[PDB]
Amino acid sequence: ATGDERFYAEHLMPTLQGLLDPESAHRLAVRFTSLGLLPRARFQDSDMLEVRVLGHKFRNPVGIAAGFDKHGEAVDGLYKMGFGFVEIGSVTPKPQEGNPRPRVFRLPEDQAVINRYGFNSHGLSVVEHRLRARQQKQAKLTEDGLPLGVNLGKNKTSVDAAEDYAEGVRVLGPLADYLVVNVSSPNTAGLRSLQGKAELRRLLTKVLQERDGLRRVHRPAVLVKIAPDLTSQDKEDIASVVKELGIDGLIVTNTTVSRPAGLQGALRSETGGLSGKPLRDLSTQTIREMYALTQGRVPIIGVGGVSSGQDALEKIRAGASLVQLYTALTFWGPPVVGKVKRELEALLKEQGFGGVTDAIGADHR
Ligand SMILES: Cc1cc2nc3c(=O)[nH]c(=O)nc-3n(C[C@H](O)[C@H](O)[C@H](O)COP(=O)(O)O)c2cc1C
Ligand SMILES: Cc1ccccc1-c1ccc(-c2cc(C(=O)O)c3c(c2)nnn3C)cc1
Ligand SMILES: CCCCCCCCCCC[N+](C)(C)[O-]
Ligand SMILES: CCCCCCCCCCC[N+](C)(C)[O-]
Ligand SMILES: CCCCCCCCCC[N+](C)(C)[O-]
Ligand SMILES: CCCCCCCCCC[N+](C)(C)[O-]
Ligand SMILES: O=C(O)c1cc(=O)[nH]c(=O)[nH]1
Ligand SMILES: [Cl-]
Ligand code: NA
Ligand code: NA
Ligand code: NA
């Protein structure tokens, strides 16, 4: 352990959390990150951490999950923090405010967060201009193994979700290495029912058709992000449609609307998606199931409650090619990225794996 990790986890982050409400802390974090005001990223990525997936090289397999940088403002500072890939969003076609405040809650005794932001978004046009302004810099980053993903949502007033997602494909698809069809937000009425078989097949057919109409050089991979709250029938159906249509990968999982037994935080009954440690093994089991249902043929990005190298390796061994985190950053701060990477490398070596690639799906073999 480095000095920063302990100092941030034991002194800096508790003091910030005592001074600022959760959404103010989030906005300040985005601002400091966007300006590069961040502790010295003291970890050199070993070649063991490199992963080739989704038509790209990833210098390390630890990404920032959607929701931290909703409007594409802090992309370069997130690479400086040490993430191997960045996902921005969710972005909706038109700007919209999201739910009334308060809409984010800390559950520190659970190492968890509840949020009901409701897709607060600057809109596609604003994000489009932000990404265009650094598009060549991102081309170089991607070439160097630091790809960019864009997570697409839908407006609250939209009549047909498929036209919302199609517009996101047309506008931000050419600026992304991969797109994410977010059909699993718990905070937009009726959104998650897009996960059922008949609506999903029509929706994803339209999204793939639009993606295929982009010029080859600007054509992203398309992934679907699913909830952890699905029935077995839902998961079977999603796996079936993903394979029938040639979807490029899955993100597993979004936040949960459940409230597992044992939560201690005073705010556990707030409405919203729960993230962090109480989500961890629910997410890992959903990875394990979706990997088996897709025969290991569909790349998975595993996400939910990762704060250590062991947590990351469990998801990789369950079938994730890549992992993301968000909530751990809100408790440990920026040092958590280097921490997860260093512990993952040590554990790979300890378990006899030549690299991350050899551990993907290793529990199933
Ligand atoms: C405050 C907050 C906002 C989020 N907003 C989004 C979002 O806009 N789009 C999305 O697909 N996921 C969103 N998520 C979900 C995360 O991307 C991730 O799936 C989830 O939080 C589990 O990972 P974690 O336990 O490491 O935080 C949000 C999470 C949090 C905590
Ligand atoms: C300390 C620091 C230095 C340089 C750059 C960034 C940081 C930093 C500081 C705060 C956070 C943070 C905190 C919280 C919270 O609830 O307390 C969040 C968050 C981010 N996003 N959502 N929420 C609820 C993240 C990172
Ligand atoms: C009517 C639409 C007005 C613009 C959309 C609102 C943007 C919300 C900004 C919140 C940013 N953040 C995720 C960091 O809290
Ligand atoms: C306070 C940090 C604790 C980390 C581990 C907490 C255990 C969380 C268990 C999740 C609940 N579950 C869905 C599995 O029943
Ligand atoms: C988001 C609030 C952060 C407060 C503390 C941030 C410390 C800044 C890191 C130090 N330095 C600028 C040299 O990277
Ligand atoms: C082909 C090798 C696959 C895994 C080997 C290393 C695993 C070490 C721990 C195994 N375990 C005791 C947890 O079942
Ligand atoms: O904007 C939000 O409320 C939000 C979106 C999403 O996909 N997941 C989440 O937990 N929150
Ligand atoms: Cl373009
Ligand atoms: Na805000
Ligand atoms: Na089944
Ligand atoms: Na099908």
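Both backbone and side-chain heavy atoms feed into the values below; hydrogens, waters and symmetry mates do not. For ligands, and for the atoms within them, numbers begin at 1 and follow the listed sequence. Sequence positions, counted from 1, serve as the residue numbers for this chain.
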May I ask you to decide whether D311 forms a salt bridge with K315, counting only side-chain N to carboxylate O separations under 4.0 Å? no

Ion pair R40/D4, N-O distance below 4.0 Å: no

Strictly under 3.0 Å, how many protein N, O or S atoms lie near the Na ion (ligand 10)? Waters don't count. 1

Per-atom contacts, ligand 3 versus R27 - under 4.0 Å to a heavy atom: 9 (C), 10 (C), 11 (C), 15 (O)

Contact check, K94 vs ligand 3, heavy-atom distance below 4.0 Å: no

Within the 4.0 Å heavy-atom shell around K70, which atoms of ligand 3 are there? 13 (C)

Is it the case that over 12 heavy atoms from other parts of the model lie below 6.0 angstrom from the CZ atom of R31? yes

Test: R132 and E128 ion pair at under 4.0 Å: yes

Looking at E50 and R59, is there a salt bridge between them, counting it only when a charged N and a carboxylate O are closer than 4.0 Å? no

If the threshold is 4.0 Å, N to carboxylate O, is there a salt bridge linking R219 and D212? no

Measure the distance from atom 9 (C) of ligand 3 to every protein heavy atom, then report the residue, atom name and distance (to 0.1 Å) of the closest one. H71 NE2, 3.5 Å

What atoms of ligand 3 come within less than 4.0 Å of a heavy atom belonging to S121? 5 (C)

Just to confirm my output: which protein heavy-atom neighbour is closest to atom 8 (C) of ligand 3, and how far is it? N120 OD1, 3.6 Å

Atom indices of ligand 3 within 4.0 angstrom of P95 heavy atoms, with elements: 2 (C)

Hits for side chain to side chain contact (heavy atoms under 4.5 Å, CB included) against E167, two or more places apart or cross-chain, chain-then-number order -> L124, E163, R170, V171

3.0 Å cut-off met by an N, O or S atom of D237 to the Na ion (ligand 11): no

Using a strict 4.0 Å cut-off to heavy atoms of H122, name the atoms of ligand 3 that fall inside it. 7 (C), 9 (C)

To the nearest 10 degrees, calculate the angle at the Na ion (ligand 11) involving OG of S240 and NH2 of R201. 140°

List the closest protein heavy-atom neighbour of atom 6 (C) of ligand 3: residue, atom name, distance to the nearest 0.1 Å. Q96 O, 3.7 Å

Check ion pair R134-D76 (N to O, under 4.0 angstrom): yes

Judged on heavy-atom distance to atom 1 (C) of ligand 3, which of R31, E97, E73, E23 sits nearest? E97

Is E5 salt-bridged to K339, cutoff N-O under 4.0 Å? no

